[PDB]
Amino acid sequence: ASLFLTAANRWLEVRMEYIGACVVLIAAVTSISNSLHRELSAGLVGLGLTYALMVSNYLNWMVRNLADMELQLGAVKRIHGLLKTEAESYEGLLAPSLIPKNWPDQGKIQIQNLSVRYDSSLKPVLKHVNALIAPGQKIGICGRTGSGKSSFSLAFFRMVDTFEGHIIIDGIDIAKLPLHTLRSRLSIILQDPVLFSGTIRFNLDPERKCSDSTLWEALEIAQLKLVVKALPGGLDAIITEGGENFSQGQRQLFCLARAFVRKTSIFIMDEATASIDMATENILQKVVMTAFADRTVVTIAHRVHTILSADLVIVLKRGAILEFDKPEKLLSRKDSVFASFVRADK
Amino acid sequence: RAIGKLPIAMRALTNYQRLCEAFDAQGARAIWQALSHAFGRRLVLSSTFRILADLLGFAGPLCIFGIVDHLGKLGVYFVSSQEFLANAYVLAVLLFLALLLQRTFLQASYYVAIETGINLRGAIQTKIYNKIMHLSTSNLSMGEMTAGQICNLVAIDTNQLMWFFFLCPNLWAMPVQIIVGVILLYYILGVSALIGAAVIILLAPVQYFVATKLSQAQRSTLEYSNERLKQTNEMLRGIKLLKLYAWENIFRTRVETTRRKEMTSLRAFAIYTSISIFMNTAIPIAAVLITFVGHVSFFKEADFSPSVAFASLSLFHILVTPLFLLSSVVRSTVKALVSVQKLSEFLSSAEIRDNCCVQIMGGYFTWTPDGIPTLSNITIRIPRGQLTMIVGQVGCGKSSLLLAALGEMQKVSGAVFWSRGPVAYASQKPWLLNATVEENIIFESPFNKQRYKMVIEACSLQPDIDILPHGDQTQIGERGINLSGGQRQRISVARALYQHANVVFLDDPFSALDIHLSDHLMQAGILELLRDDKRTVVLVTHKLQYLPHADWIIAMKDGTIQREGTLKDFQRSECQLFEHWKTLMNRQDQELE
Amino acid sequence: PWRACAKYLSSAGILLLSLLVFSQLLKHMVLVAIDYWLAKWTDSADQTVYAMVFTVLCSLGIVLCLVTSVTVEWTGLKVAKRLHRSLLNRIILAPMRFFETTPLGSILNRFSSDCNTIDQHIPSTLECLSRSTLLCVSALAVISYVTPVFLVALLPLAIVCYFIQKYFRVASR
Ligand SMILES: Nc1ncnc2c1ncn2[C@@H]1O[C@H](COP(=O)(O)OP(=O)(O)OP(=O)(O)O)[C@@H](O)[C@H]1O
Ligand SMILES: Nc1ncnc2c1ncn2[C@@H]1O[C@H](COP(=O)(O)OP(=O)(O)O)[C@@H](O)[C@H]1O
Ligand SMILES: [Mg+2]
Ligand SMILES: [Mg+2]
């Protein structure tokens, strides 16, 4: 296709240069026949010869640069097509003075009649759900795959189409909030690990605003301190593109160490323990439940023996709260979906 | 369709065979001598048409010197040559027959240059594919280059070398255009013509000066645009986590300082190309100034005619008209030099050198050319046709033992005895060919319809294939629709349950899957289609409850193995890790059998 | 004319767009005037008055080449400075449904190839287009003034030029 575009473009400039040579013949014959049997004094005739040669030189460059200007203005058409896109409408309806300086003080996460979608056209993936969360209430969420588990963690940051509801933390409405103030102070950690290339200090803290004692204690409470201190950089060492210098469990563990530098009140997790083994997984649950007493920790369960020592357990099957009770109560009821999930595991 | 295939002289693997045949004629000079040995035979043909053009374009000024000197001014039949070449109609029809032949030979000399650039593009794309099929993964992982730099090299630097070869015979006409124009100027005006000397020496010192300042712009420009494309690629890959952490202003100001640091080099580049085209288009008007005031002042007047004036004006215009392209020519050849140096930096990179199948025996495997060995002294007796689990903590070697048996690692010591053959391998991060879902599952095997309906039903792809808008024919991947990740891991391990390759290296399939779907992997498929026929499945997972279903267990800790063997062997000899697995599964009462 | 050249002229600005046209057409018409003064200076049979204003009319053509050159680099550099620094801040404030429904190679394609084309590949083609078609239309302004017989021949060649341009342009697109 590039040789056919070549031979077509040379066909066009062959016929345009042949038309320009016909211009040189017609203008040359009429400039000698306009001055033989008349008087035109030959400087205008040599002017017409030189500018007729300028027509023959610069006609093919005109049509070549016009077709190249069309093909290069297609790039401006592509960037102008991308440029008038949708914005997320970042500013909220509340004034920023009315939210506190210490906004995440204690977590009264009220949920009433929530139902989400992802856009306008789709089905509701969450059914009508309601919960009342205490600030010392370290809840967990089980379920099946596709039942609304990661969408329930993404609905706290207005990432999905929350078209209704009463998702209000601390008496202040979350839809009436600035989005940088909302997604600053609350911290999710995803299942798929995303790291950025550069250094470890930047990949935990890109502002360089927290201390090295806080980064070393966040690697202490992740258990990656003996891994990174035995590396030849120690700290400020190279993480490459995609995090492919390290393992996938180390990529999830750097996502944990990036989650632990910004302090919180509303630690929410996805299933971050997917690629981690059960030994260091049960080590890391024993640290961060004890190192974070006051902070409300929500975690999507991937292993239910990790989730078994929580305060209350939500069970989300097909987008609805089937169960919201004590884990020993749902274990002793012995027909429940939480009991069959812990029965199918072990 | 119906444009048809290209002929045999412009195929890839007809050229690239000539390019590797130029390689065994024994840095970047070997690539340049290989290109001048390979494609120079048709490059001198396009230069032959380029030099047969524009000496026939030198009939313009001789025609103007003919007819304006005419127009100011056996013995009864015949016409001599000085009477023949001093009439305006016969010289004007000779001007028409000159421009048709020179403006056909120019469009032939464009075509042979663009056709050899296209054959250079095919040969260097096949040589870049033969380099990338032998590249080690330590080039991509540990440091040196990126995947975006490797696919950016074929998208940019191949096209920069090709656009240099589009303008390659124009540089070899730049001697012969100026020299024959100087001798044709010396025929017309004589010794007053050489004091139009702004052209005839060019100040090609200052042209070489602005060429090396365009080199000083251009190397920093390509380094900053590769850094900016690397930063924009990691930002748009991680925009979900960057929006959720609200770090978009911090990463945007990093990309904006990279864009302004590129933009200062673009300020220097556009100012230096501006003074190059100012020097380039203000030299010949100054040359007709110093030759036309210098004809009638400082030199006594030898026949200042309209014929010699418009002959010298059209001769300076035909002398100036290929000189207008020279700033694009020098930016194309400095883009070629940075292109072939980044090409020669890529092709010299690091590369790849009785009951059982694989006999890794005392093998030290290392990820690094200079570092300590990651995999330590290990001895593996993986059996034929049986399920085998590699278990361990984070960063003990559970993917590097699988990549060691492929030969991806740097083997320091030991020996690996295979049967290498085909091996079904679904990796830790999954991989999606950007096609239809069925063509990602088939993966250039024969279309077995009953096995294809079996492995959908083995690992439950039917309710997530019913939700798709085209089912099997949905375009998943990067180009096209986005999946969840739970379907991506299942769609990567469903193609390694299919491909008949008899050694299955299943890396961890139960990250993104739940308990019920992981058991539906574990009941049918694994233990029912991979142990149906005698297929060796090496299934490393962290899901320790499937260690009952294990004919061989390899334990991993800190780069070495502890012991290999079965679960009753781990019951007999070790017992500390057996009591650790009894405490981790919370199966204190029953036994791991 | 598409919408993209309208967005190109608005993003460059009218203060450099007015300096784009009113340097170049003045430079090509004084090129027509110095070649007409070269025609009239050879019609000799007044001494050096067709030399001195030819000298100052060539040096004004030299500095008009300079202001045309700094205008074309400053328009290309200003549209490199302004288009990127707007697409980046408009595309980072997108919703996540916009990233979910698009190919990622399209958004990386419009930050690499089209930002490569807009920066350095466009203004060399713009200066060659403006210089080449303005030299061609001022050359056609030269041969009307010498010869009025050319205008009855000019219309069928421009008609077959426009017919071969359309007849090529559908196949080339
Ligand atoms: N691509 C790589 N390049 C260089 N070093 C690596 C690479 N991958 C892993 N390593 C190093 O090798 C060690 C073993 O990692 P490996 O590849 O076995 O992942 P893994 O331990 O299987 O991951 P997981 O335990 O999460 O499944 C890690 O400690 C890491 O430091
Ligand atoms: N980009 C998207 N657009 C529309 N629906 C989505 C998107 N991503 C996820 N979903 C829907 O959200 C549902 C819940 O998925 P998720 O919460 O991610 O995992 P789980 O299935 O474990 O609850 C899925 O059934 C899926 O159909
Ligand atoms: Mg989910
Ligand atoms: Mg691994």
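In the nomenclature of the PDB entry, chain C corresponds to ATP-binding cassette sub-family C member 8 from the organism Homo sapiens.

Identification of chain A as ATP-binding cassette sub-family C member 8 from Homo sapiens is taken from the PDB entry.

For chain C, the count of helices and strands is 8 helices and 0 strands. The secondary structure elements of chain C, listed N-terminal to C-terminal, are α-α-α-α-α-α-α-α. Here the C-alpha atoms of chain C give a radius of gyration of 23 Å, more than 25% beyond the 16 Å that 2.2 N^0.38 yields for 173 residues. Projecting the C-alpha coordinates of chain C onto the three principal axes gives extents of approximately 80 × 40 × 20 Å.

For chain A, the helix and strand inventory stands at 13 helices and 11 strands. The principal-axis extents of the C-alpha atoms in chain A amount to approximately 120 × 50 × 45 Å. Within chain A, contacts between residues separated by at least 24 positions form 71% of all contacts whose residues are at least 6 apart in sequence.

Now for the interface of chain A and chain B. Taken together, the contacts link 83 residues of chain A with 74 residues of chain B. The leading source of residues in the side of chain A that touches chain B is helix α1 (residues 2-33) of chain A, at 16 residues. Looking at the side of chain A that touches chain B residue by residue, the classes come out as 39 nonpolar, 26 polar and 18 charged.

Moving on, we get to the site of ligand 1. In the region of ligand 1, 21 residues are neighbours, and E244 and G249 of chain A together with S399, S400 and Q428 of chain B sit closest. Taken together, the residues near ligand 1 originate from chains A and B. At a separation of 3.3 Å, a nitrogen atom of ligand 1 approaches a polar backbone atom of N245 of chain A. If ligand 1 stood free it would expose 610 Å²; the protein chains cover 87% of that surface. Per element, the largest residue contribution to the shell around ligand 1 is 3 residues, and it comes from helix α9 (residues 248-259) of chain A. Among the residues forming the shell around ligand 1, the class breakdown is 4 nonpolar, 15 polar and 2 charged.

This part covers the pattern of salt bridges. Within the structure shown, the criterion is met by 26 salt bridges over all chains. A salt bridge links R563 of chain B to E574 of chain B; the nearest nitrogen and oxygen atoms lie 2.5 Å apart. With a gap of 11 residues between them, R563 of chain B in the loop between β11 (560-561) and α22 (567-572) and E574 of chain B in the loop between α22 and α23 (576-584) connect regions that are remote in the sequence. The class for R563 of chain B is partly exposed, based on a relative accessible area of 32%. It is possible to trace a salt-bridge network through shared partners that takes in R10, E13 and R64 of chain A.

Residues and elements named next belong to chain B. Binding of the magnesium ion (ligand 4) to the protein goes through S399 (OG), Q428 (OE1) and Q428 (NE2), at separations of 2.2 to 2.4 Å. One way to put it: the 6 donor atoms around the magnesium ion (ligand 4) meet at angles of 60 to 147°, and that makes the site irregular. Classification of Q428 as buried rests on a relative accessible area of 18%.

Using the criterion set out here, one finds 24 aromatic pairs over all chains in the structure. Joined through ring pairs, the aromatic side chains of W11 of chain A together with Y167 and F168 of chain C make up one cluster. Residue placement shows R64 of chain A over the ring face of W61 of chain A; its charged tip is 3.8 Å from the ring centre. The ring of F163 of chain A carries the charged tip of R117 of chain A above its face, separated from the ring centre by 4.0 Å.

Here the focus is the interface of chain C and chain A. In this assembly, 56 residues from chain C lie in contact with 52 residues from chain A. At the level of secondary structure, the elements contributing two or more residues to the side of chain C that touches chain A comprise α1 (4-12), α2 (14-42), α4 (87-91), α5 (96-101), α7 (113-145) and α8 (151-172) of chain C. By residue number, the principal contributor to the side of chain C that touches chain A is α7 of chain C, which donates 17 residues. Looking at the side of chain C that touches chain A, its residues break down into 39 nonpolar, 8 polar and 9 charged.

To continue, consider a positive patch on the surface. Together, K84 of chain A, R267 of chain B together with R3, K7, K81, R82 and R85 of chain C make up a region of like positive charge exposed at the surface. Within the secondary structure, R267 of chain B sits in helix α13 (residues 248-296).

Residue and element names in this part refer to chain A. Lining the immediate environment of ligand 2, one finds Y118, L122, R144, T145, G146, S147, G148, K149, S150 and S151. Contact distances for ligand 2 include 2.7 Å between an oxygen atom and a backbone N or O atom of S150. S151 is positioned with one of its backbone polar atoms (N or O) 2.9 Å from an oxygen atom of ligand 2. The protein chains hide 67% of the 540 Å² of surface that ligand 2 would expose on its own. Classifying every residue of the shell around ligand 2 gives 2 nonpolar, 6 polar and 2 charged.

What follows is about the environment of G165 of chain A. Residues and elements named next belong to chain A. Along the chain, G165 turns up in the loop between β5 (161-162) and α5 (179-185). Judged by relative accessible area, which is 46%, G165 ranks as partly exposed. It is 43 Å that separates the C-alpha atoms of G165 and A75, two residues lying 90 residues apart in sequence. Among residues more than four places away in sequence, those in contact with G165 are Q112, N113 and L114.

As a further point, take the sheet that holds strand β10 (residues 552-557) of chain B. For sheets, the rule is that strands pair by backbone hydrogen bonds, running either parallel or antiparallel. Residues and elements named next belong to chain B. Across the sheet, which stays open at both edges, the 6 strands sit in the order β7-β8-β9-β5-β10-β11 with mixed pairing between neighbours. Strand pairing shows two members of the sheet lacking a second neighbour, β7 (424-426) and β11, which therefore form its edges. For strand β5 (residues 387-392) and strand β9 (residues 536-538), the ladder comprises 2 bridges, and the chain directions are parallel. Within β9, the residue paired with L387 across the bridge is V537.

All names here are of chain B. Positive phi values are uncommon outside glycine, yet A2 reaches one of about 65°. Mapped onto the secondary structure, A2 falls in the segment before α1 (17-21). The class of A2 is exposed, set by a relative accessible area of 82%. Despite not being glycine, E444 has its phi angle at roughly 60°, a positive value. Overall, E444 belongs to the exposed group, its relative accessible area being 80%.

Reading the values: rules and limits
Residues numbered from 1 in each chain as written, not as in the entry; some residues may be left out. Chains lettered and ligands numbered in written order. Part of a larger assembly, values for the part shown. Heavy atoms only, no water. Residues with missing side-chain atoms left out of burial classes, pairs and counts. Helix = DSSP H or I, 4+ residues; strand = E, 2+ residues; numbered from the N terminus. Rg over C-alpha atoms; globule rule 2.2 N^0.38 Å. Contact = heavy atoms within 4.5 Å. Nonpolar A, V, L, I, M, F, W, Y, C, P; charged D, E, K, R; others polar. Near = heavy atom within 4 Å. Polar contact = N/O pair within 3.5 Å; in protein donor to acceptor, adjacent residues only side chain to side chain. Areas by Shrake-Rupley, 256 points an atom, 1.4 Å probe, with all protein chains shown as cover. Salt bridge = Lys/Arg side-chain N within 4 Å of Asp/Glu carboxyl O. Buried < 20%, exposed > 50% of the residue type's maximum accessible area, 1.4 Å probe, protein only. Donors = N, O, S within 2.8 Å, 3.2 Å for Na, K, Ca; no water. Tetrahedral: all angles 85-135°; square planar, octahedral: opposite > 155°, others 65-115°. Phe/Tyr/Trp six-rings, centres within 6.5 Å; stacked < 30°, edge-to-face > 60°. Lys NZ or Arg CZ within 6 Å of the ring centre and 35° of its normal. Patch = residues over 30% accessible without salt bridge, like charges linked within 9 Å, V, L, I, M, F, W, Y side chains within 5 Å. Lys, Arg positive; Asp, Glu negative; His and termini not counted. Charge placed at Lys NZ, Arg CZ, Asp CG, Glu CD. Pairing = 2+ DSSP bridges.

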